[PDB]
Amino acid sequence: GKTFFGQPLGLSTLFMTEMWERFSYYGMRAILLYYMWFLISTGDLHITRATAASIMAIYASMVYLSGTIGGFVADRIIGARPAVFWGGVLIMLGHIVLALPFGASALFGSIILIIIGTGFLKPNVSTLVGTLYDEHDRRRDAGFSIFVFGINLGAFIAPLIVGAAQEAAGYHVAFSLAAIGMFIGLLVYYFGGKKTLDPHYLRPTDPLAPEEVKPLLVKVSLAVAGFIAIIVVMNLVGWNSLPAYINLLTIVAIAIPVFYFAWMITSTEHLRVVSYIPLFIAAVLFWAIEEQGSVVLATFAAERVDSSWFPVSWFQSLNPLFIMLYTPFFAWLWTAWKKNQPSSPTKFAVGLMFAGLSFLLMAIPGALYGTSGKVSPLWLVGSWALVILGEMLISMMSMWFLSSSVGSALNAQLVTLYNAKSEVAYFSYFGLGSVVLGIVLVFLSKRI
């Protein structure tokens, strides 16, 4: 019968839903840092470029953090299908905010809308893909990999199309193209979902029982009161700058996995959960390096690369390109070697080493040529080729949304250290430190 690459026809609707949301997201993130540079250069935005880079990292940290609870809200309160739809609306509104004739005054409102919108949509589109397959269906893994190919496809074309529109027609037009991309996703999702999506997921699948509503409200109200109380105290003692608020979000993002480790401590399982700790830190450190490609590598591309004949935002397409080119090779690898199946602690060790090698490579051109001129774009290509190879090995998602959030929160502190005089030392020591910790994991692989 008629399938979508051997999968139920409903996969195409969700395939295109996420390709276009990822289009809006990574198109925005390819030009947002340069947009803040522009607002700084005109005097509209009164922050340093280091603070602007810090914003990008903590921006990514909250998006991943908000995705840790979007599954709860859909499953228990609103439903998986309304969560994707109203999440997509909030994402679209966030990009429309940046297309309006405003300046720095619209940055926070657009960031808030997209943080919340992506939390509703991103975990619940992945959930709805599973609802196309029963527990029995072997096609579940193949359908998810086809779904991920649409993720990288949207992430690939977005910097090319959005970045070119920025250079040709300006920032406001480019940001409006991001909003249009999400709108395209909403059209296909709404009308397409109604034709092929189970109406069971228009409602929550585990709705709150009558006695569950009150303690959930108390839990939510206590967290909001405490967080607000901290901001109140911060203003009375004088810790009230933008970096101070960024530092607050950094601490909250890192304290969540630490507190969930500190008292989650049954010798049955107490040490087989201490198991997962040397690998959660390996994932945090890999994700930090990977997410600096949109920040530090975006800075290097605009400052240290002879790229005069094409938009510098296009470098952000190298990340999802290498994911697409590596994927069929590794699918072959994980089945061609039916009896190798290297252990997950070893893959995470070697994966972190490749990420460290990606930064070690970027220390060479500055050390060899100096930091005052410009070098070939192939240095950045080699860097992304090495860090994505580390991703192919590391291949509840909220926990994986979490290590992404903490690594990005760690970036909000480190990326302020990067500049022209910092370049070689920055790349050489965060790359070496990541490689040494990857070898330390080798010594402890199944010390577990």
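Just count from 1 along the sequence shown to find any residue number. C-alpha atoms forming the largest set that superposes within 1.5 Å between two forms make up the rigid core.
Segment of greater CA departure in 9 other deposited structures of this protein, 22-30 or 397-405, core superposed: Output: 397-405, the stretch lying farther off on average in 9 other deposited structures of this protein.
Greatest C-alpha divergence in 9 other deposited structures of this protein once each structure is fitted on the rigid core, 141-149 or 111-119: It is 141-149 that deviates more in 9 other deposited structures of this protein.
Other entries omitting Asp206, at least a third: It is not, since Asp206 is included in all of the other entries that model both flanking stretches.
At least a third of the other entries leave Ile265 unmodelled: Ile265: unmodelled in a third or more of the comparison entries.
Extent of unmodelled deposited sequence, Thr42 relative to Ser41: Unresolved stretch here: none.
Chain break class for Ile265 to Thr266, judged by how many deposited residues have no coordinates: The entry leaves 4 to 9 residues without coordinates here.
Per the entry, higher mean C-alpha B factor between 400-408 and 53-61: Mean C-alpha B-factor is greater for 400-408.
Entry-level comparison of average CA B-factors, 343-351 and 286-294, reporting the higher stretch: Between 286-294 and 343-351, it is 343-351 that shows the higher mean C-alpha B-factor.
Highest-ranked of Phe183, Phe102, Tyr189, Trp86 once sorted by CA temperature factor in the record: Within the set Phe183, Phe102, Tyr189, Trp86, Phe102 shows the top C-alpha B-factor.
Out of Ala74, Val375, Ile228, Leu208, highest CA B-factor residue: Of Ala74, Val375, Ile228, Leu208, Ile228 has the highest C-alpha B-factor.
Position of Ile47 among the chain's modelled residues by C-alpha B-factor, lowest, middle or highest third: It belongs to the middle third of the chain when residues are ordered by C-alpha B-factor.
Ranked against its chain, the third holding the CA B-factor of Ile31: Tercile = lowest for this residue's CA B-factor.
Third of chain Cα B-factors occupied by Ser24: As the PDB entry reports it, the C-alpha B-factor of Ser24 lands in the lowest third of its chain.
Third of the chain's Cα B-factor distribution that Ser12 belongs to, per the entry: Its C-alpha B-factor belongs to the middle third of this chain's values.
CA B-factor placement of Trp332, once the chain's modelled residues are sorted into thirds: Its C-alpha B-factor, which the entry lists for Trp332, ranks in the highest third among residues of this chain.
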